[PDB]
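Visitor: One structure coming up, written as structure tokens, with questions to follow.
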Amino acid sequence: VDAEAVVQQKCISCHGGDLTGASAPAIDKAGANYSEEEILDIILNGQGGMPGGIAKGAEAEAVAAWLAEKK
Ligand code: HEC
């Protein structure tokens, strides 16, 4: 995946360039809060205001897993 590139044009759109939370809660430390399995699910199936399947395909995987490393 280019996980970061995706995030840098998908998640940051609400989570902020910095992932520190802007229009949405900070996922900077999502990988610590929740496992790739959970984060991936959230990306795929959104959550509250977050529309599910913002990323799809290996995109979402790479993002989630890259985030699993980002703590
Ligand atoms: C704005 C339309 C969003 C985009 C684009 C992405 N996310 Fe998001 N996310 C958003 C909100 C409003 C919320 C909270 C939803 C609620 O009201 O309950 C979230 C939540 C997450 C979470 C879980 C955090 C938590 O609720 O405890 C994760 C792990 C997450 N989001 C990841 C994520 C990624 C990686 C995205 C890019 C593919 C992404 N989000 C986009 C709003 C928005």
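Residue names in the structure tokens use chain letters A, B, ... in the order shown, residue numbers from 1 in each chain, and ligand numbers from 1 in the order shown.
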Counting only C-alpha atoms and all ligand atoms, what are the residues of chain A within 9 Å of ligand 1, and for each of them which pair of atoms is the nearest and at what distance in Å, to one decimal? Sort the table by chain and rising number, as a Markdown table.
Guide:
```
| residue | atom | partner | partner_atom_place_in_ligand_line | distance |
| --- | --- | --- | --- | --- |
| A:3 | CA | ligand 1 | 38 (C) | 8.8 |
| A:6 | CA | ligand 1 | 38 (C) | 6.9 |
| A:7 | CA | ligand 1 | 37 (C) | 5.1 |
| A:8 | CA | ligand 1 | 37 (C) | 8.4 |
| A:9 | CA | ligand 1 | 37 (C) | 8.1 |
| A:10 | CA | ligand 1 | 37 (C) | 4.8 |
| A:11 | CA | ligand 1 | 37 (C) | 3.3 |
| A:12 | CA | ligand 1 | 5 (C) | 6.6 |
| A:13 | CA | ligand 1 | 5 (C) | 5.1 |
| A:14 | CA | ligand 1 | 1 (C) | 4.2 |
| A:15 | CA | ligand 1 | 7 (N) | 6.1 |
| A:21 | CA | ligand 1 | 10 (C) | 8.8 |
| A:23 | CA | ligand 1 | 1 (C) | 6.6 |
| A:24 | CA | ligand 1 | 12 (C) | 4.3 |
| A:25 | CA | ligand 1 | 13 (C) | 5.6 |
| A:26 | CA | ligand 1 | 24 (C) | 7.2 |
| A:27 | CA | ligand 1 | 28 (C) | 5.8 |
| A:29 | CA | ligand 1 | 29 (C) | 8.9 |
| A:30 | CA | ligand 1 | 29 (C) | 5.4 |
| A:31 | CA | ligand 1 | 29 (C) | 7.8 |
| A:33 | CA | ligand 1 | 27 (O) | 7.9 |
| A:34 | CA | ligand 1 | 29 (C) | 7.2 |
| A:36 | CA | ligand 1 | 29 (C) | 8.7 |
| A:38 | CA | ligand 1 | 29 (C) | 7.4 |
| A:39 | CA | ligand 1 | 29 (C) | 4.4 |
| A:40 | CA | ligand 1 | 29 (C) | 7.4 |
| A:41 | CA | ligand 1 | 29 (C) | 8.4 |
| A:42 | CA | ligand 1 | 29 (C) | 5.7 |
| A:43 | CA | ligand 1 | 33 (C) | 5.4 |
| A:44 | CA | ligand 1 | 38 (C) | 8.3 |
| A:46 | CA | ligand 1 | 8 (Fe) | 7.0 |
| A:47 | CA | ligand 1 | 15 (C) | 4.5 |
| A:48 | CA | ligand 1 | 16 (C) | 3.5 |
| A:49 | CA | ligand 1 | 12 (C) | 4.3 |
| A:50 | CA | ligand 1 | 42 (C) | 4.0 |
| A:51 | CA | ligand 1 | 2 (C) | 6.2 |
| A:52 | CA | ligand 1 | 6 (C) | 8.6 |
| A:53 | CA | ligand 1 | 38 (C) | 7.9 |
| A:54 | CA | ligand 1 | 38 (C) | 5.6 |
| A:55 | CA | ligand 1 | 38 (C) | 5.0 |
| A:56 | CA | ligand 1 | 38 (C) | 8.5 |
| A:59 | CA | ligand 1 | 38 (C) | 8.0 |
| A:60 | CA | ligand 1 | 38 (C) | 6.2 |
| A:63 | CA | ligand 1 | 35 (C) | 5.8 |
| A:64 | CA | ligand 1 | 35 (C) | 6.0 |
| A:67 | CA | ligand 1 | 35 (C) | 7.1 |
```
Visitor: Among chain A, which ones does DSSP assign to alpha helix (DSSP H) (computed from the backbone)? Answer as a ChimeraX atom specification.
Guide: /A:3-7,12-15,30-33,36-45,58-69
Visitor: Keeping only N, CA, C and O atoms, write the selected residues as a tab-separated table (two decimals), in the first residue's frame.
Guide:
```tsv
chain	number	residue	atom	x	y	z
A	3	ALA	N	0.45	3.62	2.37
A	3	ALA	CA	-0.51	3.73	3.46
A	3	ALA	C	-0.63	5.19	3.87
A	3	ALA	O	-1.72	5.78	3.93
A	4	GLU	N	0.53	5.78	4.14
A	4	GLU	CA	0.65	7.18	4.46
A	4	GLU	C	0.05	8.07	3.38
A	4	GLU	O	-0.73	8.94	3.71
A	5	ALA	N	0.36	7.84	2.10
A	5	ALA	CA	-0.21	8.67	1.03
A	5	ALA	C	-1.74	8.65	1.07
A	5	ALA	O	-2.39	9.69	0.98
A	6	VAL	N	-2.32	7.45	1.22
A	6	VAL	CA	-3.76	7.30	1.35
A	6	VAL	C	-4.24	8.15	2.52
A	6	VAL	O	-5.09	9.02	2.34
A	7	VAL	N	-3.69	7.93	3.71
A	7	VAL	CA	-4.09	8.67	4.90
A	7	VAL	C	-4.02	10.18	4.65
A	7	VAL	O	-5.00	10.89	4.89
A	12	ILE	N	-6.72	12.33	6.98
A	12	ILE	CA	-6.37	13.69	7.34
A	12	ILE	C	-7.47	14.68	6.98
A	12	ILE	O	-7.65	15.68	7.66
A	13	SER	N	-8.24	14.38	5.92
A	13	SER	CA	-9.38	15.15	5.48
A	13	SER	C	-10.32	15.54	6.63
A	13	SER	O	-10.95	16.59	6.55
A	14	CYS	N	-10.40	14.71	7.68
A	14	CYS	CA	-11.13	15.02	8.90
A	14	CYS	C	-10.22	14.97	10.13
A	14	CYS	O	-10.29	15.83	11.00
A	15	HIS	N	-9.38	13.93	10.21
A	15	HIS	CA	-8.47	13.69	11.32
A	15	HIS	C	-7.34	14.73	11.40
A	15	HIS	O	-6.62	14.78	12.40
A	30	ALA	N	-4.04	5.48	17.32
A	30	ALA	CA	-5.07	4.47	17.17
A	30	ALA	C	-4.44	3.08	17.32
A	30	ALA	O	-4.99	2.26	18.05
A	31	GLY	N	-3.28	2.84	16.69
A	31	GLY	CA	-2.60	1.56	16.76
A	31	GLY	C	-2.33	1.08	18.19
A	31	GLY	O	-2.19	-0.12	18.42
A	32	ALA	N	-2.22	2.01	19.14
A	32	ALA	CA	-2.05	1.67	20.54
A	32	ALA	C	-3.41	1.39	21.18
A	32	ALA	O	-3.56	0.42	21.93
A	33	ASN	N	-4.40	2.24	20.90
A	33	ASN	CA	-5.76	2.07	21.43
A	33	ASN	C	-6.35	0.73	21.01
A	33	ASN	O	-6.91	0.01	21.84
A	36	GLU	N	-4.91	-3.60	14.64
A	36	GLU	CA	-5.16	-3.51	13.21
A	36	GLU	C	-6.52	-4.11	12.86
A	36	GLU	O	-7.26	-3.51	12.09
A	37	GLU	N	-6.86	-5.25	13.45
A	37	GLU	CA	-8.14	-5.90	13.24
A	37	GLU	C	-9.30	-4.93	13.49
A	37	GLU	O	-10.22	-4.82	12.68
A	38	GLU	N	-9.23	-4.16	14.59
A	38	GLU	CA	-10.28	-3.23	14.97
A	38	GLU	C	-10.24	-1.99	14.08
A	38	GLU	O	-11.26	-1.53	13.57
A	39	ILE	N	-9.05	-1.42	13.88
A	39	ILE	CA	-8.91	-0.18	13.12
A	39	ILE	C	-9.35	-0.44	11.68
A	39	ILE	O	-10.10	0.35	11.11
A	40	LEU	N	-8.89	-1.54	11.10
A	40	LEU	CA	-9.27	-1.98	9.78
A	40	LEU	C	-10.78	-2.06	9.69
A	40	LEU	O	-11.37	-1.46	8.79
A	41	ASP	N	-11.41	-2.75	10.64
A	41	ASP	CA	-12.86	-2.83	10.70
A	41	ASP	C	-13.47	-1.42	10.69
A	41	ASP	O	-14.29	-1.11	9.83
A	42	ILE	N	-13.01	-0.53	11.58
A	42	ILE	CA	-13.49	0.85	11.62
A	42	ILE	C	-13.32	1.53	10.26
A	42	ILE	O	-14.23	2.20	9.79
A	43	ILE	N	-12.17	1.40	9.59
A	43	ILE	CA	-11.99	2.04	8.29
A	43	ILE	C	-13.01	1.48	7.29
A	43	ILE	O	-13.68	2.22	6.57
A	44	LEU	N	-13.16	0.16	7.29
A	44	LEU	CA	-14.05	-0.56	6.40
A	44	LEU	C	-15.54	-0.34	6.72
A	44	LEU	O	-16.35	-0.40	5.80
A	45	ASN	N	-15.92	-0.07	7.98
A	45	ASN	CA	-17.31	-0.12	8.44
A	45	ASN	C	-17.68	1.18	9.17
A	45	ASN	O	-18.66	1.26	9.90
A	58	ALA	N	-6.83	-3.28	-0.50
A	58	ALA	CA	-5.58	-3.33	0.25
A	58	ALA	C	-5.23	-1.97	0.85
A	58	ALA	O	-4.50	-1.91	1.84
A	59	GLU	N	-5.74	-0.89	0.25
A	59	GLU	CA	-5.70	0.46	0.79
A	59	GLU	C	-6.00	0.46	2.29
A	59	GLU	O	-5.16	0.86	3.11
A	60	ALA	N	-7.18	-0.03	2.66
A	60	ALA	CA	-7.65	0.01	4.04
A	60	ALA	C	-6.72	-0.80	4.94
A	60	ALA	O	-6.32	-0.32	6.01
A	61	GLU	N	-6.35	-2.00	4.49
A	61	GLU	CA	-5.38	-2.86	5.17
A	61	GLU	C	-4.09	-2.10	5.46
A	61	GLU	O	-3.69	-1.97	6.61
A	62	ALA	N	-3.42	-1.61	4.41
A	62	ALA	CA	-2.18	-0.88	4.55
A	62	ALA	C	-2.34	0.26	5.55
A	62	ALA	O	-1.52	0.38	6.46
A	63	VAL	N	-3.39	1.07	5.41
A	63	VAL	CA	-3.66	2.15	6.35
A	63	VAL	C	-3.72	1.61	7.78
A	63	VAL	O	-2.95	2.05	8.63
A	64	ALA	N	-4.63	0.68	8.06
A	64	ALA	CA	-4.80	0.08	9.38
A	64	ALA	C	-3.49	-0.43	9.95
A	64	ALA	O	-3.14	-0.12	11.09
A	65	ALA	N	-2.76	-1.24	9.18
A	65	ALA	CA	-1.53	-1.88	9.62
A	65	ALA	C	-0.44	-0.84	9.88
A	65	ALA	O	0.24	-0.87	10.91
A	66	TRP	N	-0.28	0.12	8.97
A	66	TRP	CA	0.62	1.25	9.14
A	66	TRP	C	0.26	1.97	10.44
A	66	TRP	O	1.12	2.24	11.28
A	67	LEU	N	-1.03	2.25	10.65
A	67	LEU	CA	-1.50	2.80	11.91
A	67	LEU	C	-1.21	1.89	13.10
A	67	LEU	O	-0.87	2.41	14.14
A	68	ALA	N	-1.31	0.57	12.97
A	68	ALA	CA	-0.95	-0.34	14.05
A	68	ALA	C	0.47	-0.05	14.56
A	68	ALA	O	0.71	-0.02	15.76
A	69	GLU	N	1.39	0.23	13.63
A	69	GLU	CA	2.72	0.73	13.96
A	69	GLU	C	2.69	2.15	14.55
A	69	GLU	O	3.47	2.43	15.46
```
